[PDB]
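Enquirer: PDB entry and its sequence, pasted below:
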Amino acid sequence: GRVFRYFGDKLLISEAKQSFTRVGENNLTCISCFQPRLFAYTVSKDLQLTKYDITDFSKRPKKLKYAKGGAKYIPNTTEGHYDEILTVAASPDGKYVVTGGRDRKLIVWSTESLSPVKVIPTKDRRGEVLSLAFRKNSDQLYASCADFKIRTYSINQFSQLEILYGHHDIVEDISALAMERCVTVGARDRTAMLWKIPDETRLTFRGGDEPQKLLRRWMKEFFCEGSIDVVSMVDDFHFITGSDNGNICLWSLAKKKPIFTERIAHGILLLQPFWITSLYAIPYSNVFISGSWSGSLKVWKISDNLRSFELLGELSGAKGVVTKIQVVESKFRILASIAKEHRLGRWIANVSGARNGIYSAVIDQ
Amino acid sequence: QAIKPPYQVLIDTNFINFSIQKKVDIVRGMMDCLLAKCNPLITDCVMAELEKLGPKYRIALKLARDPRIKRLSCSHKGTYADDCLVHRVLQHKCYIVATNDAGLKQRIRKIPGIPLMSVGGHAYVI
Amino acid sequence: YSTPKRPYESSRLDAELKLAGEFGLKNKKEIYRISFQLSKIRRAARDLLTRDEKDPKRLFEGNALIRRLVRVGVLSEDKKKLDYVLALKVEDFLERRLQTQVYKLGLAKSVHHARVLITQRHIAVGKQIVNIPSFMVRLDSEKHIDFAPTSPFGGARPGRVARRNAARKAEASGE
Amino acid sequence: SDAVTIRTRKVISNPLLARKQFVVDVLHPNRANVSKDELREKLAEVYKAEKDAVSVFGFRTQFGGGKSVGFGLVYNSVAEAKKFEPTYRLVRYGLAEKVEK
Amino acid sequence: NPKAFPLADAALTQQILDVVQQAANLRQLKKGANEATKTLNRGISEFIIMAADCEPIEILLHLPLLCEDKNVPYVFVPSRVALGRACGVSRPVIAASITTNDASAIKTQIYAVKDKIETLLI
Amino acid sequence: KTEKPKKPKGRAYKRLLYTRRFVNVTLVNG
C-alpha cells in the first residue's frame, strides 16, 4: 500500500475549467462525493442535505433531491435533524449517506429515496460529531466526537463497535483509508494520533514547537501554533496536517517530528496569518490541495523521495471560506463546499466575497 | 502550620561541643536525617562563647569558620545565645533548634510548632 | 505502610485530623502508607546525590524517577532539576488521588459524598469503571473523568429504586 | 439481538485436515455470553457447508463485558466432523451418544 | 504612547490559551468588560486577559488602571479571535476574567502564569 | 452490655471532629 500515482507535472492547472454554484443554504459545512455513476452530498447550518449529479464534467452539479430538518424533530431517536450538521459522508457502496452535527445524532439515509433509514444517538451531551470517515471499500464508519470520544460503526448492521479515547481537545479532523487505521487530530493538545483498531495501538505525534528557536533562525538568515486545524492521510506510511498559522506539516509515520514543515502558504492579513480550513490529498498520489478563506486553492506536489513538496498552482476563483474539498476523476473535477463562515462557527475577518455554494475546477491529464 | 523545606536550623555552642567529641559532621548529620536542605545559621553569641573555650578548642572554631554556615546576629551588649533565641523563635513559627542544653530544652516544649534536636544529627519533629 | 516512632504527638496528631478532614479519609494507616511510599523514594534520592554529575546511573534512573512523577502529576515543569523532590510535601500526593480530583472537577459537592460515589460503581476513567479510591490519576485522563453509561447521572437506566417510586405512583394513582 | 457483528480473525485453510481455522472475535454491547449454538447458526451462512461441519470453542471473554474472544473451525463435510472432531465436542453438540461404563 | 503594554509573547500566550481553555472548561472565567469589571468590584478575580485587536481600545483601557488600583495581574493578547477560541467559543471575545477559586486543580498554573505576569510588570 | 453507644463509626466518626475543629480553631485563631 504505497503511492503509485505520479501525474503532477501533467496537470493543466493554468487553463482549468472554473465554475461556481450558488445554493439555497447558509454556511455549508461539508461536501461528500461518491465514486464507484457519480453523486454529491452537501450539508449546511440551515439543517439541509442536498443530493447532486456531477457525472457531466462540462456543466454545473445537477440538483436532484433535498432534505431539510427543523424544530419538528425535537424529542434522541427522532428521525430528523434539529440542530446544525457538521459533516456528511457518502458510503462506499453508494447505498447510504450519513449526516451528523450539533444534534448529537448520526442519521444515516438511503441514497435512493432520501429516507431516514437509521438514527443513532451518541448518548452523551458533549458528543457532537465533527467529522466522519469511512474505511475505503468497507462499511466501517469512523465518528469523531466532541466529548473526546471516537465512535466506530458498522453500517449494514447499524451498530456501534467501539470507542477510542485519548485526545485532550475535540477531534476536529479524522482521515482513513482502505486499511483499518485512522489519523485523528485534537488540535489543541496539538498531538495527532494514528489508530490501529485490531492492533489496539496508537501513535502520538507532537506539535506546537516554540517560535523562539525560529528567532535563532531569524538570526541564521514566526507565528504561533495553537490549532492544527485539518489532517489528510496520503498513504499508509505518510500524511499531512494543516495548522492555524500557514504551517502545513508533511509527516512520516516513522518520525515523531514532521519530515517537512510548510510555513505560510495562503499568506498573512501586529500581523495575522490565514488558517488552513481545508486540505484534500487524493489517495496514493503525489499531489494534494490546500484551501482557506484566502480566495485560492493552493495545490502542491509531493516529491518522490517523500521528503518535501513543491507548489503546483492555485485556484483564485473561489472567494470565501473553503470548508471541504472533494476531487473526482475519470480528467479531474474539483468540488468545494465554500461558505460565509467556518464549520465550527468560527468568526470571519471580513472575508472577500462571502458566499455560499460549490466551487469547481476541471484539470486535465 | 505552613511547613516547607528547606529547614532553618539554630545551632548553639553546646551542640557543636558534643558534635566534635563524637566526630560526627554537623551539616551532613542533619541532612541525612532531615533528608532535605538545611539552613545553617550561627549567631555571634555562639561565636563569642567560643572566645573563652578558645585556648583548648581552636579546632571547633576553625570548624565554625567555614563558608558553609550563614551569618546570624543580634545587635546588643550583654545578651546571650539562650535568651536571644528565646524571643526570635517566640515571634516566629519556622525555626529549628540544634542543641543539647536541658534548660533550653523545656523552653522548646513550651512554644508549639518547633522541632527538636539531639546528640549530633538525629532529628525530632514537633 | 509503617507505624511512626511516636504514637502520641499532639501537634502531629493535629494535622492528621486536618488532612483526613480535608481529603475525606477514614484511617491514619492511609496516611501512613503515603508516607511510607515517600520514605523509600526520598531515601533513594539522597543516594544519587552522593554520585557524580552526569553519572549514567544518575542519568537513567534519576530521570526515570522524574518521568514517573511527571506522569502522576506531582512534579511541575519548572522544578525538574532533582532538588524539588527533596523539598517536597505530602499534600501533593494527596492531591493526585481521584477521590479529591473529582471534587476539584466540581460535581461532588462534598469530600465525603465523593467517596460514596466511588464505591457505588460510578465514574469510569475511560471505559473502565473503577472502585478504588487510591488511583493516583495519570494526569491525562483528567478530562476523561466522567460517569458510566449506566449508573444514572450517566443515564440509560433509572435503577430499580427509582422504579419503585415509579411503581408507587403508577399503581397507586393508576391501577 | 444487538447486531452482534461477529468477526473471524487469523483465517488459515488446513487442507490436510480439510478445514479453515480462525480466531472468533465477538463483540456484544448490551448482551452477555451468547451461546455455543447461535454462533454455529450464524457462521454457517458465511461459508455454506452444513451446521455440524462448524466447530467452535474456547471463549475466555473480555473483562467487564462487551467482547468475547474464542476459536472456531469449519469443515467441508459432516464425516470430517464425524471422524476428526474430538469425541467430547461431538458429545457437546448432541451428535454423539454418551456411552458410560 | 505604546498603548499595547504589557504584550505577552508567544509561548506565554499559548500557555494563556491552555490555562484559560481549562478554566473555561472548569467554569473559572468571565466574558465581558462589564463582567470582569464587576468581578474586580468584588475582588473575586485572579487575573485579567485583554485583547489588543479590539477597535476601539478605549472601552477597556480602564481595566489596566483598575488592576493597578486593586493589585491585579493583567496582560494583552494581540488576538480577540484566539481569545474567543480559548473560551470554547466561535466568536471574538475581548475580555477574560479568571475567577478566584482555592478548590481549583490548575491553581499551580494560575501561580505560574501570574508569576510570569508579575515577571513582566516589573 | 450497654445500650449507650449511638455515636458514629469510622468515617462519620471522622466527619464530626473536623466540623468541630472548624468551629473550634476559627474562634481560636480569630
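Expert: Thanks, I have the structure now. Residues are numbered from 1 along each chain as shown, chains lettered A, B, ... in the order given.

Enquirer: going forward, measure contacts between C-alpha atoms and count neighbours the same way
Expert: Fine.

Enquirer: and stretch A:119-129, how far from the chain's centre?
Expert: Centroid separation between stretch A:119-129 and its chain, computed with C-alpha atoms, centre = their mean, to the nearest Å, is 20 Å.

Enquirer: List the contacts of the residue of chain C found nearest chain E.
Expert: Closest approach between chain C and chain E, counting by C-alpha to the nearest C-alpha: residue C:104, at 5.7 Å. Residue C:104 is in contact with E:103-105, counting by C-alpha atoms under 8 Å, 6 or more residues apart in numbering or on different chains.

Enquirer: How about residue A:246?
Expert: Applying C-alpha under 8 Å, 6+ apart, the residues contacting residue A:246 are A:262-267, A:273-276.

Enquirer: and the closest residue to chain C within chain B, what does it touch?
Expert: Nearest residue of chain B to chain C, counting by C-alpha to the nearest C-alpha: residue B:5, 4.9 Å away. The contact partners of residue B:5, taken as C-alpha under 8 Å, 6+ apart, are B:36-37, C:87-88.

Enquirer: ok, now residue B:35?
Expert: C:42-43, C:46, C:86.

Enquirer: Can you select the buried ones from those in PyMOL?
Expert: Restricted to buried positions by 16 or more other C-alpha atoms under 10 Å in any protein chain shown, the PyMOL selection for these reads:
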select buried, chain C and resi 42+86
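
Enquirer: what's the most distant pair in the contacts of residue B:35?
Expert: Taking C-alpha to C-alpha as the measure, those span a maximum distance of 9.5 Å, between C:43 and C:86.

Enquirer: Need the phi and psi values for the residue of chain F found nearest chain E.
Expert: Taking C-alpha to the nearest C-alpha, chain E has its nearest neighbour within chain F at residue F:22, 17.2 Å off. Backbone torsions for residue F:22, taken as degrees, to the nearest 10, come to phi -70, psi -30.

Enquirer: what about the residue in chain D that chain A sits nearest to, how many residues close to it?
Expert: For chain D and chain A, the shortest gap (C-alpha to the nearest C-alpha) falls at residue D:3, measuring 5.7 Å. Under the neighbour criterion other C-alpha atoms under 10 Å in any protein chain shown, residue D:3 is assigned a count of 15.

Enquirer: cool, residue A:194 as well?
Expert: 19.

Enquirer: ok, and for the helix or strand where it lies, which residues are buried?
Expert: Using DSSP states H and E, residue A:194 sits within strand A:191-196. Under the neighbour-count criterion of 16+ other C-alpha under 10 Å, strand A:191-196 has A:191-195 buried.

Enquirer: Same question for stretch A:261-277.
Expert: A:261-262, A:264-266, A:273-277.

Enquirer: Apart from its chain neighbours, what residue comes closest to the spatially most central residue of chain C?
Expert: Central residue of chain C (C-alpha atoms, centre = their mean): residue C:97, 0.8 Å from the mean position. Spatial nearest neighbour of residue C:97, chain neighbours left out: residue C:136 (4.5 Å); criterion: C-alpha to C-alpha, 6 or more residues apart in numbering or on different chains.

Enquirer: Determine the three-state secondary structure at the one you found.
Expert: coil (DSSP: H, G, I helix; E, B strand; the rest coil).

Enquirer: Can you give me the neighbour number for it?
Expert: 18.

Enquirer: now do the same end-to-end measure for stretch E:89-102.
Expert: With C-alpha to C-alpha, to the nearest Å as the measure, stretch E:89-102 spans 25 Å from end to end.

Enquirer: And stretch A:236-256, by the same measure?
Expert: Termini of stretch A:236-256 sit 16 Å apart (C-alpha to C-alpha).

Enquirer: residues of it that come out buried?
Expert: If you call a residue buried by 16+ other C-alpha under 10 Å, then stretch A:236-256 has these buried ones: A:236, A:238-253.

Enquirer: ranges for the helices of chain D?
Expert: D:38-42, D:78-84, D:87-93 (DSSP state H).

Enquirer: Can you mark which positions in stretch C:131-140 are buried?
Expert: Buried residues in stretch C:131-140 (16+ other C-alpha under 10 Å): C:131, C:136-138.

Enquirer: for the residue of the stretch 201-350 of chain A found nearest chain D, what are its contacts?
Expert: For the stretch 201-350 of chain A, the residue closest to chain D is residue A:201, as judged by C-alpha to the nearest C-alpha, at 17.2 Å. For residue A:201, the contact set (C-alpha under 8 Å, 6+ apart) comprises residue A:195.

Enquirer: I'd like the distance between it and chain F.
Expert: Counting by C-alpha to the nearest C-alpha, to the nearest Å, the gap between residue A:201 and chain F amounts to 42 Å.

Enquirer: partner residues bridging that residue?
Expert: Per DSSP bridges, the residues bridged to residue A:201 are residue A:196.

Enquirer: same check, this time on residue A:359
Expert: residue A:20, residue A:336.

Enquirer: Could you report the neighbour count for it?
Expert: If we define neighbours as other C-alpha under 10 Å, then residue A:359 has 22 of them.

Enquirer: Check residue C:103 too.
Expert: 19.

Enquirer: Let me know the secondary structure of the most centrally placed residue in chain A.
Expert: In chain A, the centroid-proximal residue (C-alpha atoms, centre = their mean) is residue A:324; its distance is 5.3 Å. Secondary structure, three-state DSSP: residue A:324 is strand.

Enquirer: show me what contacts it?
Expert: Contact analysis of residue A:324 by C-alpha under 8 Å, 6+ apart lists A:29-31, A:277-279, A:336-338.

Enquirer: Residues of chain D that sit close to chain E?
Expert: Contacts of chain D with chain E, taken as C-alpha under 8 Å from any C-alpha of the partner chain, are absent.

Enquirer: Taking chain D, what residue is nearest to chain C?
Expert: residue D:64 (8.0 Å).

Enquirer: State the number of residues packed around that residue.
Expert: 9.

Enquirer: Tell me if the longest strand seen in chain E is near chain A.
Expert: Longest strand in chain E, counting residues (DSSP state E): strand E:45-51. No: shown here: strand E:45-51 not in contact with chain A (C-alpha under 8 Å from any C-alpha), separated by at least 12.0 Å.

Enquirer: Which other helices and strands does that strand contact?
Expert: If you count contacts as 3 or more C-alpha pairs under 8 Å, 6 or more residues apart in numbering or on different chains; DSSP states H and E, strand E:45-51 packs onto helix E:33-42, strand E:74-77, strand E:95-99.

Enquirer: at 7 Å what do you get?
Expert: strand E:74-77, strand E:95-99 (3 or more C-alpha pairs under 7 Å, 6 or more residues apart in numbering or on different chains; DSSP states H and E).
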